[PDB]
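This report concerns only the one structure given below.
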Amino acid sequence: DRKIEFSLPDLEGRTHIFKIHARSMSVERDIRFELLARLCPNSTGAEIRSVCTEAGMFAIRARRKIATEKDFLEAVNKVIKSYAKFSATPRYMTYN
Amino acid sequence: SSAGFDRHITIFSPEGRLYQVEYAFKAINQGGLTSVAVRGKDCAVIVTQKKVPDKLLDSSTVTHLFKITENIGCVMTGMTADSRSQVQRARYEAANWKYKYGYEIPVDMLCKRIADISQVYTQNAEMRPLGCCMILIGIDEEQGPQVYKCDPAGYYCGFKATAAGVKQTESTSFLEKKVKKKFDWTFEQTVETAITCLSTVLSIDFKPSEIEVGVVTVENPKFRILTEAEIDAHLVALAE
Amino acid sequence: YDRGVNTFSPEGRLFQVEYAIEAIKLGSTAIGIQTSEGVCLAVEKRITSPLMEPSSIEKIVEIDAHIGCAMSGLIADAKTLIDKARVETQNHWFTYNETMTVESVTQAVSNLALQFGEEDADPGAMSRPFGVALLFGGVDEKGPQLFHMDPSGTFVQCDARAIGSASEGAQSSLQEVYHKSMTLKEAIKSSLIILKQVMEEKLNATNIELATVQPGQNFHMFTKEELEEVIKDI
Amino acid sequence: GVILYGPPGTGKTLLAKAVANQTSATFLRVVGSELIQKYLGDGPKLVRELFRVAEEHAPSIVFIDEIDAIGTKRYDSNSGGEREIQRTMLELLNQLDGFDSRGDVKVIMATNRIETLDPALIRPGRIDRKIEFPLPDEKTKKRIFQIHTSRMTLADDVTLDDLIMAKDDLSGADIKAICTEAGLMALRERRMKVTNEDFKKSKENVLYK
Amino acid sequence: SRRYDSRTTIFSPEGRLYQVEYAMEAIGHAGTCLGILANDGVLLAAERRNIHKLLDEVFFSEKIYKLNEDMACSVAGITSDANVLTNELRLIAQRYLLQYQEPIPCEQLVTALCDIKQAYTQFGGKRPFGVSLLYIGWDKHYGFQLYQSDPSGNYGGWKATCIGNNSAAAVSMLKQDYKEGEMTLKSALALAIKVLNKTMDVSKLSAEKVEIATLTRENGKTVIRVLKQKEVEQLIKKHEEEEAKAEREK
Amino acid sequence: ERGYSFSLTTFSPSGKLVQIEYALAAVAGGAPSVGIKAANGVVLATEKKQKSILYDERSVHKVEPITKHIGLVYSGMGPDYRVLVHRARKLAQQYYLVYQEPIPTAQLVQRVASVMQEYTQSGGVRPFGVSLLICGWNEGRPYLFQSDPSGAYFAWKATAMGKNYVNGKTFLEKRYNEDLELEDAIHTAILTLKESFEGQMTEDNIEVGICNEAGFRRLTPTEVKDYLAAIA
Amino acid sequence: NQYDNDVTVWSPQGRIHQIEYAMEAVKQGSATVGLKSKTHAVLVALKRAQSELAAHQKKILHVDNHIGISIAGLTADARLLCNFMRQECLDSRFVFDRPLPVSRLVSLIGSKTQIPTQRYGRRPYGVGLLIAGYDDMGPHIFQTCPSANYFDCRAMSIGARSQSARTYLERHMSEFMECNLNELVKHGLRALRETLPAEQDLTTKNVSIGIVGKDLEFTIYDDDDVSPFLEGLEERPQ
Amino acid sequence: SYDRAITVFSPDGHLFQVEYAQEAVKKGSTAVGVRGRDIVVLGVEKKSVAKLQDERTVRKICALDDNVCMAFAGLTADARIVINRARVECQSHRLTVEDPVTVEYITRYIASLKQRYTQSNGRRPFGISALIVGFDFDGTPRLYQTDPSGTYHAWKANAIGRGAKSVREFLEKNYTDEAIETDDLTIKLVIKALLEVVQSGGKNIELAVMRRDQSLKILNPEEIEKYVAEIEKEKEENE
Amino acid sequence: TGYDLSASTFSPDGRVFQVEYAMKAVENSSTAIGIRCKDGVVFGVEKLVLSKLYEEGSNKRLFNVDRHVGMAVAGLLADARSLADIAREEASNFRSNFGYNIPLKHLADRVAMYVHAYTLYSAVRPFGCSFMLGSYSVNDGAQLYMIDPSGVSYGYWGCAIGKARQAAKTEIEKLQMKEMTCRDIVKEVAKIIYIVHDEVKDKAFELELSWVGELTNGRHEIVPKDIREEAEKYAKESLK
Ligand SMILES: Nc1ncnc2c1ncn2[C@@H]1O[C@H](COP(=O)(O)OP(=O)(O)OP(=O)(O)O)[C@@H](O)[C@H]1O
Ligand SMILES: [Mg+2]
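Protein chains in written order, with the authors' numbering: chain A, 338 to 433; chain G, 5 to 244; chain K, 8 to 241; chain B, 221 to 429; chain I, 2 to 251; chain H, 3 to 234; chain L, 4 to 241; chain J, 2 to 240; chain M, 5 to 244.
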């Protein structure tokens, strides 16, 4: 009877997913997620979860206990733009 | 046996064959009609059947015989539109030969030119090779009667007794059995054999309104179509 | 799994054009405001490395003495459109001996946006529509005029526009700070405030560029000398 | 998830062996070429049993090698055609990211033709890390030669620099092949030392056929 | 129409383009050719393939072609494309001579042919040329010269090179044993004989299975000679006896 | 209208042209043929077979003269033969118009091979499916050549093509030499064609052509019957 | 579904799908109405704008002093067809020195748009022209479609949510045969107001009007002089 | 007359052919370039000499005109046609307005050709990246960099090809005013940057310098040895 | 599958599938009949009214080809109009070239060849209209021809196309049309169309009648209004 469709989040979905997936970690007090949402136009929730985890791993890497905005920027610039040769979204938006 | 686009266009299959051409040969049989051609000592006969399933249709315009030239006649089988187009091309080619060389065209040259035209369709991969057959009869000086046949694959040849259509195999077998006896051939004998071949292959015992006959002979080389009355005359003379 | 360049969707859409429309969300943001005093245009640069020469890259380029254009999205293919507009304005001046209106330029350049084709044509443009978004500002006989073009070939007159990656947020903030009795100074200040609010890197006198055009003088482009005055009093 | 890709013969299975030596959890290994069976519906059954065994023991590590072998070669012994491969693929995708509670299992995958397998199998949330193994550099070439002749009674005449650029783009396996073949050739003459001509003939024997 | 296309011009996700790669894999088999020069005269050696018992042996040349008064070239790969390319460059040389009234330098001719060969790999949608070939020549600008082409389009000068199936072993042996500016046109023949002996599997080097061409300079002639079968046999036996003596020394 | 303008013959991952191989496989199924030369002229022999007695055996021919001293026979597809014959005739005509001399055999072979090769690289076409044998007599020395759908060509002393060509070549290996006469060449040609021939060989199932320094011609059935007798 | 990617492919039911999708596309535009009386032809259009800071899109185009058109679809093809119309009418005025009758012009448009629906790799034109004109026989109203199939009608309405307007026009058909412009325009506006929700109707910024008459040139009214026409309408019943 | 679309838009808004071309560029040899007040120096590496090449036939630095030079990274088949077209156009500019061509004009011309070549029918995009260096009229040395999508820029120091990220990271932390005071100091800076990259042990570098006075000055493998020795000695003394 | 996507692929059994799909596209048209009398022909079309908005006389399906030749179409309107235009241009060209009105046996053939030219290549699609040509001449009598999208044209004494073609021809055959003059044929044509297309299928419709013959001195035109009024008044009596 019903044919619910799930589409890629537009803009509020991205900020909301960031807030949900990053509300249980030690982070700096003045990071703004709206810019991170603007930096990834067409992406799914899975990539945002991976972004959060990779930023945490970058913070653990050296020594620190609380991440900074630079960590999130490097995470975005590595999991979105470098792992782009391995994505499914260009060929499944035509459902083929 | 197939790999790639060999089933959809005209390129070689792994075994060395191509199917887009041998599909046309079985496309010939869609009409469900048969025609016979016989060559005698000094004449040539073409015979075919015609079927008119409805009274509303005008029976005067269902002929499959066509006058290509005042001395050369033909018969067609297969899809109708393709046969009409081939008739048009043949008429134009004969007229052009007459214009260019100043004397009448031999039948064999005409058949060769038609076959060469048809061979291109099975060479390029954007056309369809015209599933319709071809039989021509004519008279040539110092040769007498001539009967030639042409096919969609581009293979033309010269025969002594031919059949084209659904019942090709057994009709050719019967003609071979008759011709192995090596008896003298005259006009009446040739026409009688041609009619009886179809009569015994189909087993109809038909009437003078369900066949068509064309004849050429060395007394008036004009191609002519027999009228129903004289057709009935041969039909009754055949039955003693 | 292959379809032609021109092919309609089950819902009434064209495939290439929709993709081009969504492909301009990767470019820089740009803001244009129109006031009875004049027209204001502003854009960012997005410098990547300290070894950039900030004077090499430019977005605002003048079509004529009284018409300026701002581009967003890809930049490689906007040069052809700009050159076409230049030549067309010069031809109209040569034939009719006058200056042609802004709207005429916009509708003359929009005719070329949708001529891509794959069959029955000369090379032309093979496929891609153009992937740029353009803002046109000028001062014609009926005052200061601002127009906005779209990769689908649709042009419309606006009063305050923002195009680029940060389009929707800037538009939402811009809707509540505008009225019809502005001056040029407050328009410039509002544009600067918005750009500072959305831009990633810190704002200075080399990250942005601005242009204004008035009925009196011709197209004028600010330099790094008067640009910091409007910044220090922000 | 972690996946390792690169040209053949560069040290992926070797890193897996090192992890297996160091680790403390139960280690399970299976090759991709045996995920395809000869009946109908056997493949999904095998996959389900594998992850059931890996789950029911303890913290464990699952290692799958040459996955692409199921998408490249085709066998006539397979009862189905190419669709049962798809059914096995769907089963594997479910097992990696089904809606059941996964528990505590780590997955390591490795291949040398990564441009063929299904992108839905490698999305984030199933495989999160992708590591490329590039060809060795000449510093690493010297280091490898140092490693593989550590316990060899090598004569003073030989020099590794000459062997370094014997081939322009030789990989890790060629070094071990050359060393072992030279050792065998010296073993034939009932000797102990290794001379230059042994290496000179060994490289021709192993490289130029 | 777009269903039956093969798309023989597009790139690939990994950066390279496949058709030229497959052509280079095709050039791997089918023949062996090499060229060497160190002093007056340059030599080309080719391995004949058609060695059946019933060949009429006409045209005085099997794989060596003359392109000008002082230009010769060998070839490897598909022979029909070789005929096409040789005929194509012949009139290039002739039209240059017609325009300038001066023999054409080798470098310009090679670059022109390489441009034509590369044209097919960027636009047109046609199968590329699967042929790679050598060039030997002399001109007043730089004396004697040897060059090598490539189906991809690029080229390069060389001092000694091989192209055939076992080109790797030949190149390794060449770089192991060569001297710069000393090899006269007496030792180069022996070097080529030894290299061919190593590469081919058939021993004893049947004289009918090889072909040698040499280019030397005269006052105003620049004579190209294809030495006959009456001089190869003693060269081979001299190589055999000196090799046997050297081995007996050890 | 328009064509397709893209090649149908492309390179495989193993560096091989598939379509040429398939064309050769189609050629291998044609009617057998043999060709010999011995110090005085050349002999071309081919076998023809009508399906039934209805066909007229004197209406068409296998051996065709390009000019006064060139002969040509084929093995493979039927219809494709006439196109090549016609093109060869045209080419000989342009050569004679330009140079006012009969064309040499080698030039004609090269031009025909060039056409056949060009036909496998253009767009929207498929290669020919025949293999040709060409014979001639210019400047004393006779010449024999064989073409190939790929466009390559060779020069031969004795050649067999068509069905069971390997057996024909082996048989010619143990028989042929470099010093015979046209009559003995005819005898051995009929002898080797009898290897795969029918039960009874009649004077009309076989076509034979002879070239000497007097010109190319096709043997009439009478002397063919004479040669068939007193042999085998 | 492989029967959906070209205009050459015939479906097993004998229905090409690209034409059907173009007919689907033309329904996304804003609604428009057209009708004729004894001696006048009147068409009315409802505009639209994206944001409150953008001018409304223009829908009525001027073809010639005795021919006007209204569009629905995408604007580029509409402009191309309008330019072609201008050129044809001017050529006819130049050669024979007489206005081109509406019927011949519509036939020319029909013959032009049919060509792309048969070649390879060509798409149809997505537009919904309504043509209003006056000629020797009086008023004329015509409607075209992307399928190159024109219709002759005495009252029509197309665009998104056009069905209710069609119902009103059909049940009030007879009254159009006698009235003059003053209430004819009111009837058109009453029909157009039916295809809106129950919040906003007509504010002089979203409605355009075009009239052609026996002695009146083709005239367009928009946003300032519409107030005389807009006044005198009873409130929407609830 | 082959006409079919090669470059089209991906559903998420990318032109995959252009990205494939860029990735093909990303595996070429490394090239670096810097400018000073009077000398502009650019060098290439990864020569990989096989002691059987004629070095004059493989040079990767070409002279477009008297005051402009260019070095490329990518696939070498496509470079020379762009070279030839640029030479012809710059020579044609001489018959018109008599002044010599500035570097800006030729850079814009090349970039425009590259961009236009990704729009036509049945043509794959070019696959090279270029650095164009020159001392234009009035003595203002400058360099520009061109990309396979058709976007040029003006920099101060550049590195393109394999392993460019590390070289750029090194350069942006070391390019200082006093480092460009002397000519030999600038050349030493280029040599130091190349040596801090793919191994290239002194014998795998080819550098060329323009002194804003004359034609190109290609330096033989002798001064390179002296410069490398002095750099190594200074490094050892510092340590 | 995939053998039915192009117009240049023979199916394995040997027939073309796109043309059959065009046929099935025709079979959903409304209806159109045409019968010849002693001295002319009469056409008849039933036209459905989709909605009350449309005006009478809209989209006539009875086209006037030439000064003495008429056409009746069924199928897709756009293709029908294109065919009408091409036939009209061809007839004018013939009159200009030779100098007299073209006979039917030539015009019908030329249009049939032009239609058949669009069934070989893969770059174009087959037409989707089936139509009838009718005329009368003093020196040749009455002529009627029918052409289908596959490219076939025959001559008829009376024919019907559309949905209920066979149902119409059932009552067509009962008539002895060979004798009467086509002044009383109008009443029987009206009767034969009112005895089909039950009112359950559709609510209302209208009748379109043509006329050509010696009664009009060779001109072809619509029937006068009063005559059609009387004809339908007579035909309403089938309710008995
Ligand atoms: N980086 C390296 N360090 C040390 N040894 C190496 C290295 N690379 C290769 N080898 C040698 O080469 C052998 C081949 O290793 P292994 O087969 O595990 O490589 P691989 O690239 O993972 O193989 P495959 O791709 O074929 O599965 C190793 O056992 C080792 O002897
Ligand atoms: Mg392994």
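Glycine is no exception: its CB is placed at the ideal position from the N, C-alpha and C atoms.
query                                                                                                                                                                        : result
What does DSSP give as the partner residues of J/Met-71 in its beta bridges?                                                                                                 : J/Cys-63, J/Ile-133
Does the distance from the CB of K/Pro-130 to the CB of K/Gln-23 come in under 8 Å?                                                                                          : no
Take M/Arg-85 as the anchor and find which of M/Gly-103, M/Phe-131, M/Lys-51, M/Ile-106 has the nearest alpha-carbon.                                                        : M/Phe-131
Could you tell me the distance, in whole angstroms, from the CA atom of H/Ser-116 to the CA atom of G/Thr-84?                                                                : 41 Å
Go ahead and pull the three-state DSSP assignment for A/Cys-377.                                                                                                             : coil
Would you mind listing the beta strand (DSSP E) stretches within the stretch 137-215 of chain J that are 3+ residues and don't spill past its ends, in chain order?          : 142-147, 158-161, 206-211
Please go through the stretch 116-180 of chain L and give each complete alpha helix (DSSP H) segment of 4 or more residues, from N-terminal end onward.                      : 166-174
Using a 10 Å radius around the Cβ and a threshold of 16 neighbouring Cβ atoms, would you call K/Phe-154 buried or exposed?                                                   : buried
Under a Cβ-count criterion, where at least 16 other Cβ atoms within 10 Å of its own Cβ denotes burial, should J/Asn-68 be classed as buried or exposed?                      : buried
Using a Cβ cut-off of 9 Å, which residues of the stretch 72-83 of chain H contact any Cβ in chain G, in chain order?                                                         : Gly-80, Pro-81, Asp-82
Excluding the five sequence neighbours on either side, which residues of its own chain have a C-beta within less than 6 Å of the C-beta of J/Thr-108, listed in chain order? : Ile-133, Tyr-145, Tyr-153
So who's on the other strand from H/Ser-133, going by DSSP bridges?                                                                                                          : H/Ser-77
Taking the alpha carbon of B/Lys-387 as the point to measure from, which residue in B/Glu-358, B/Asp-262, B/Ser-370 has its own alpha carbon closest?                        : B/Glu-358
Consult DSSP for G/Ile-76 and reduce its assignment to one of helix, strand or coil.                                                                                         : strand
Does the beta-carbon of B/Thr-230, which I'm using as the reference point, lie nearer than 7 Å to any heavy atom of ligand 2?                                                : no
Name, please, each residue of chain J whose Cβ falls closer than 7 Å to the Cβ of A/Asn-379.                                                                                 : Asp-13
Given this structure, state the Cα-to-Cα distance separating A/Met-394 from B/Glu-335, to the nearest angstrom.                                                              : 28 Å
So, helix, strand or coil for M/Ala-78, using DSSP?                                                                                                                          : strand
Helix or strand or just coil, what does DSSP make of I/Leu-44?                                                                                                               : strand
Just checking: is the beta-carbon of B/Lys-350 within a distance shorter than 8 Å of some beta-carbon in chain A?                                                            : yes
With respect to the alpha helix (DSSP H) encompassing G/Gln-123, which residues constitute its N-terminal and C-terminal limits?                                             : 111-123
Name, please, each residue of chain J whose Cβ falls closer than 8 Å to the Cβ of K/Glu-60.                                                                                  : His-154, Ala-155, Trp-156, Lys-157
Ligand 2 heavy atoms versus the CB of B/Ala-289: any closer than 7 Å?                                                                                                        : no
Looking at the secondary structure, which residues open and close the beta strand (DSSP E) in which residue 243 of chain J lies?                                             : Residue 243 of chain J lies beyond the stretch modelled for chain J, which goes from 2 to 240, so this question has no answer here.
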